[PDB]
Amino acid sequence: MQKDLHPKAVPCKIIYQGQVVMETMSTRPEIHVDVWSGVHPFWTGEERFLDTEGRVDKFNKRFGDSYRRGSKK
RNA sequence: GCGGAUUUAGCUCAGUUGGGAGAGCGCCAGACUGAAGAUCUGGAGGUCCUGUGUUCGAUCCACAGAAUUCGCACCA
RNA sequence: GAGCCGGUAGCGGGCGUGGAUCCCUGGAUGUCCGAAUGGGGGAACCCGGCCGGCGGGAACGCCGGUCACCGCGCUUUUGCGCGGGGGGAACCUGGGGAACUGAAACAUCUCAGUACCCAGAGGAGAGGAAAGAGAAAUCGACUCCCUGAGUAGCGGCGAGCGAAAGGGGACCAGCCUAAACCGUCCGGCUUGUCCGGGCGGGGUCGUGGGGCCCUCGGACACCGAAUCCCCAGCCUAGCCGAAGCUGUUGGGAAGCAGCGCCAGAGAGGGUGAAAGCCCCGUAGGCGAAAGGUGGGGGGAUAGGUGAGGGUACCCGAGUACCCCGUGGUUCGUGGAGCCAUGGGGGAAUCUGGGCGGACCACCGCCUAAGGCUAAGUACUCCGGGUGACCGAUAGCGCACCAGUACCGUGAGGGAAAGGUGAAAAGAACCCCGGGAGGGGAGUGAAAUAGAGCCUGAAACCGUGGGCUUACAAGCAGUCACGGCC
RNA sequence: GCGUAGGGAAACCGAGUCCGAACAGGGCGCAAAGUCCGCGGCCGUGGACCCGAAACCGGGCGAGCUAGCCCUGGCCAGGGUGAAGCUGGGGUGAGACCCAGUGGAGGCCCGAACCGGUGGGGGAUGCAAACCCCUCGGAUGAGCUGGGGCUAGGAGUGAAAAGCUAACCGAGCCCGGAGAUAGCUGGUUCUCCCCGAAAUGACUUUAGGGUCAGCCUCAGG
RNA sequence: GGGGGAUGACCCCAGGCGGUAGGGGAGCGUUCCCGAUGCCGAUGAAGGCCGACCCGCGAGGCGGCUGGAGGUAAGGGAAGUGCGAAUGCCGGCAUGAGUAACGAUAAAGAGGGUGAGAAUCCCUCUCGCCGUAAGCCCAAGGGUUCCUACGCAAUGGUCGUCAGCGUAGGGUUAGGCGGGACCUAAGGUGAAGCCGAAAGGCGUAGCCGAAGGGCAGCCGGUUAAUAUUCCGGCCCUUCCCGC
RNA sequence: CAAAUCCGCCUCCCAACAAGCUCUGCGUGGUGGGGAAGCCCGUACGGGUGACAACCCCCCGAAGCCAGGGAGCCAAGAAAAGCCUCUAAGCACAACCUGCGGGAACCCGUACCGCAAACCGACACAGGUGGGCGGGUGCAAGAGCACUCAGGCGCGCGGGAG
RNA sequence: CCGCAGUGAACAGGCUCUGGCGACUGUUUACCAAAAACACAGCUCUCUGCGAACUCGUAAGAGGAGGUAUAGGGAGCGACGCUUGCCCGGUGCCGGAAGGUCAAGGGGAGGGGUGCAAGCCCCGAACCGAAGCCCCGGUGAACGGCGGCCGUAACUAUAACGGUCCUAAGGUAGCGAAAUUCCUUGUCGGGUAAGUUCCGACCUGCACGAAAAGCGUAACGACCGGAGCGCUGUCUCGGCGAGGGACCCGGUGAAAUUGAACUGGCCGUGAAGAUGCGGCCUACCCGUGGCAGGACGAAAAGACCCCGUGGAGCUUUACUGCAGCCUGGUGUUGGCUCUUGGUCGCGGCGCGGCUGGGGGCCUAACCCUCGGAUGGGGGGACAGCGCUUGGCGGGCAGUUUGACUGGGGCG
RNA sequence: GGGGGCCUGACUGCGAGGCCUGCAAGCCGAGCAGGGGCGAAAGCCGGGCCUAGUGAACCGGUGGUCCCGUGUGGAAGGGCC
Numbered sequence: 001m002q003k004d005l006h007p008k009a010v011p012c013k014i015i016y017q018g019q020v021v022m023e024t025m026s027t028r029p030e031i032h033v034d035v036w037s038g039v040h041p042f043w044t045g046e047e048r049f050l051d052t053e054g055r056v057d058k059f060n061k062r063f064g065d066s067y068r069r070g071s072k073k
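Residue 60 in PDB author numbering is what sits at position 60 of the first sequence, and the numbering runs on without skipping anything.
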């Protein structure tokens, strides 16, 4: 576990898949894709209880970063 | 067939003040030539896509069609 | 309760009712590997500090004990004292997660959220007091069984997939904390009124909590534990335990005959061939302990909450809600919601804020954005019970020097093979022979029951006999007539 | 929960109803009434009459096979050919440049071990799942090699034919999906009674399948 | 089908009856559960072995021989049920067949000896084949296979008194040889550090890692086997205490 | 070359066949062997063990012995014990070098096979498997060749016709 | 001096004449094929300025390379010599980006539902808006392609010339019946007793050709083909022999296939190639050493075939989709200034809110940087990187690509 | 079949009862009602002289309904034409 936020999780899942609409606005739709991928934020440098730096991403990051709910800066 | 682009001389096209129908050609003719060509002169060139309407007056403004063209829409 | 030094029957020697073998439970040793963890490493091996005797050190110096890995709290000081990790057939939730095949192709779909891998909890986890369900102003935890229903419904509307409230049933069951309001302080900024963290207030079940003013009011309300012995159940052995003998065919009787008894225990099994009464430590039925684990149930522990109005009000979360992109749901892009979220905007603290399936008015429900919660269902490694369940090519493949022999470098595969008898009384001795094996004697009911020695069939190889066979065709053969036996 | 009416997309009506504005038809009324169970011939889901393949998909398993690549040693008996050079001499200014000596390179030649394996011979239930015989190429080099290791099996490696990857890789092998599907193929058991078939027609990514008909059989009228 | 059936059965005649897929009816044995007011057997359960009574039949009964202990159901129920037959599975057993093979055309033969028995063993004497091997040696691999006394049942593609076969006993000793108690490259690990959905990936220093580096001896003797270790003669090294 | 005396770099003097320190010959201390014996003894599974031995000269001469050589060349040839410099630091009448004398020295490996019936090929299978001189005579040379030295063996089925 | 012989035995090239391809030593398909196949030294286009570009990788990271344009990767040929010509209409690509188009998106006319009403949800469109594609050009050691017929001196035949229709031009130099030439054993020549192989020459080249080079080329090859001398049982039949099985002895003692069988020829037959069925003719019972014909002999449920709306591998303008790559808006991506466009309001200009484009050092993220420390340095709002957009996209993944068919196909 | 007169039934609601037929289709048709046109009227008209000018059901558009409308008031949306 080394790709999340610290101040909460947000990684994983992701069942994408494209098609060729054309519905309600007349006739019916169609299907295709069948893949799976990722989806997340980014991480910055901080620190806690003797150095540590942290990581976690935006959102959250905007938070605790501002504040700090287990270790500040 | 969903939308946009337009509609003037034989061809290709300008045309915005709502009042002159215009240009180029090209085409025809005259001049010149031994002739034709090139140049100069000149002339013609008409369903301003059709109809109806608005207006003192319509290529121009308003109302359908049409046609051409480009893109798009496609599970009867 | 009186025999034993395990399966070894054999030699050689020995303990024992001034309670041996063994059955129990709690012990002390537990060499080396293995999470290994002192250090290294091709496991089961080889290497280091501290203490240690001091030890042969015959007039000369060693094993033993020990000890210490690393991630976890945090009495922080120089950090001293607690937990973890490795397993584990099956079953559990999360994390991740697929083709075949059906659709008589195949891209949607299906198999499925299945198979597998991963992590991790437990003895059970899962889940669990509702921003729930639905609409009779009706219901209320979660779970599980039946039912709802193969219905409402999803869909190249094709193959298929296929809910739920309500009713019946098992069980019942409820609680907390931030939740800055109050006061306590401790530490900061730097003295005020800021954030901070330990103490209580409250610490919300179905709307309340505080803070103020007057009524208060002045003892039976135990949970998931906490506790005491209680029946602590079991834990292996606990032990009594009804009642026949003669005669007899028998190698053997418990059979055939005669009389005789039992009895809540004629369950079966062992007994030389079929017993209620011979053995059975069985069902009859009562029995039983000083240690290891419960409910029931008794008590205090009891932890713990438990009434009245009023007031302008401040107090369960960082993201609800909305846009796009996926999930789960019966919903496969759909008129398509709720809950869950990948990115971006980023509200309110009770006339607040989601909800009852686009939305809107009105009505009705609920009060989130933290947490704990035994019991009712699942699963057999283990122990027992029972069988219209099997008998050695069936059953687990493996009924007992098998997951071993054996092929595979490996992962892995993975067999075959049980039976004499009543018990050995298991064949002393004599014979041919190098022996094995064969001839007698002896056990004996029988050894053509004789040592892989019960039954021991066929196929197939022999030894004798009857008939038959040399100018003759067809697997076969079957009908006629003849001779030998 | 099936029967107790049903008719209709529905509202809803109802022994009547839907189309409709018309007494013209469709569904039904007319009770004939089941229902549970048992035992059977069948039909769907099922691995489901029984074994049969090539393949796809998951997790492991291997370079003591072989192709490579890294590290580190060992190894090539003899002989032959004779370039750079350096020494000396050679007509010119020095030289180019010539010659003679020395000299000893080259994936160089002739050949053992060693590496190979065309060209013929044997062998074909061999000595052997590639070997024996005669013969041949390479023979200080993109040389042969031991020991230590690295990569890996939809991916590796490959002086590259789809080769080699533990003796058949056109995508390894074991366990798992799983007893995959399998109009095709076989296989498909004791007696006896009764009757007695088709090998056409219609539509099919259907033609050596199968739907519906046609020809069989049993129960009642 | 029909004429009367008492339950059978009997009579007429009509009237056929060859039949695979396949349709309907009726019966047979197979191992089990009843013991529907059921039990046989040591003078044989059952299976086996053999047969000129009962049935259309698939089976019955019954009698003779075998063999050591069971099980039968007069009737209804249940099912892992009837087999040549699947190049089927498993086991045995015949074929070809007393022919094909003895694993290199580097050959033997003779005398004696032992033994129950020797072309195939032991001694001995001729003879043939090596000789770059069919040499001793170090390794790697395999692990008692090595020696000695007994023995041959099977393995030895024949024998076999022989064995690298059986049982028993015994054999291999090192301050200086090799491995460690020293060193690192590849590579592998790997506190810190760096990134994964989880398992994990990488990876500094340090460590693991070898016939590469390094390190202190040699020749003779001595048993059935060992030997640079055992003998002895000769040559050394590191640590420690003392001065 | 993170810190000074080390080595690296510049300057002046001794800048040799000088002196330095690590392998072969003599040898030789002194030991062994030593074959042909060999009286006791197997005079034979012969040899275990006692004469004396002799122990000498010339000849050939390495593809890796001194040695980290020298010469040439290009594709231009691995990292940690020892030796000297020293901080921390303690010795500095007790730290390291040396000398003599006494004391200490482990863990696990060896048999025999080993161009192989004992190793891989399932078998006593004319298949493969890495290093060391490989004895001589002859052939221009040479681990090629023919015979043989030491040592090994006759293939593990023998006769008999042709 | 001697014998037939004097490396006496033993180990030890046959040579030559010619042609074709590839230069050459090589390397490779272990158990058929060592070759004209790859490899190459050598050439040419060519992507790339680093933190490269491409290859593995889920993000780290390694590789690259402690390389740095005399370099690193992509490539078609493959000494050397001589020489590589003609066409960019389509295609890939490089450049262009003014114009059309067009996604998400901004951004408002307007309509709609409920609404007593403020409101409260959608549909929404004029215009601005990305790569891509369309359109202009450049592009050949980039893919690829590089004309047809009629007439004419030609006493006879293209041709020196001429006439044309289409195309982007319309084969050039060298070569030629080559291993690209089926009419063909083409026609001439040489080689021979004749020669459909060769080798030379013509050349109407069924279909060579310069870059998967083209003509040739010393040496070079276990390559392939053509010829001459030498020599031998290869052959004119061979005929003899030596050693090894086979045969007789003793010892041992398998193996696939097979329903079963005492299995004769005939001529006929049957499902049309019979020992077994019909007629007939020869016909005693068994064996061993042999010889192959028949028993449709053995091996293996044909690989050639078709059929199952079976399977598996490679291919492109097959279908779809993903990996990666380009790409608009959005985010942790902060300041300062220079500016033009739209718009509605009050061709215009003045203003105004609105909002769009863009140019700048900075710079506090971010990243990188390092160069000896945490500071400096460089870049910097990038970008990495997250989310949605769109696009290319056979690199890969999964399916598919009918029936008839008097054999499958083509038709 | 050739002209001219007005006229459109080139109809809705239906159709007794048959052809061909495994399926679905395909095809015919008096007569009944509402409402016309042509004729004085008896009658003919529900396109053509015919037999070819073709297509399932779903996947959707649209003009009509005012049948459903997922708490009731409605609308998205759906059923029927």
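Note that beta-carbon positions come from the ideal geometry of N, C-alpha and C, so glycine has one too.
Proximity winner among the options, relative to residue i (alpha-carbon distances)
i	options	result
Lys-13	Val-35, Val-21, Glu-23 and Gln-2	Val-35
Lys-8	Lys-72, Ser-66, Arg-55 and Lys-73	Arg-55
residue 145	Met-25, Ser-71 and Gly-18	Residue 145 is absent from the structure shown; the chain starts at 1 and stops at 73.
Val-39	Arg-69, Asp-57, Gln-19 and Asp-65	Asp-57
Helix, strand or coil at residue i according to DSSP, with G and I counted as helix
i	result
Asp-65	helix
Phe-59	helix
Rounded straight-line distance, which links the Cα of residue j to that of residue i
i	j	result
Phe-59	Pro-41	8 Å
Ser-37	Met-25	30 Å
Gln-17	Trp-43	28 Å
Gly-45	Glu-53	5 Å
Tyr-67	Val-20	46 Å
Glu-23	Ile-15	22 Å
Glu-47	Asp-65	10 Å
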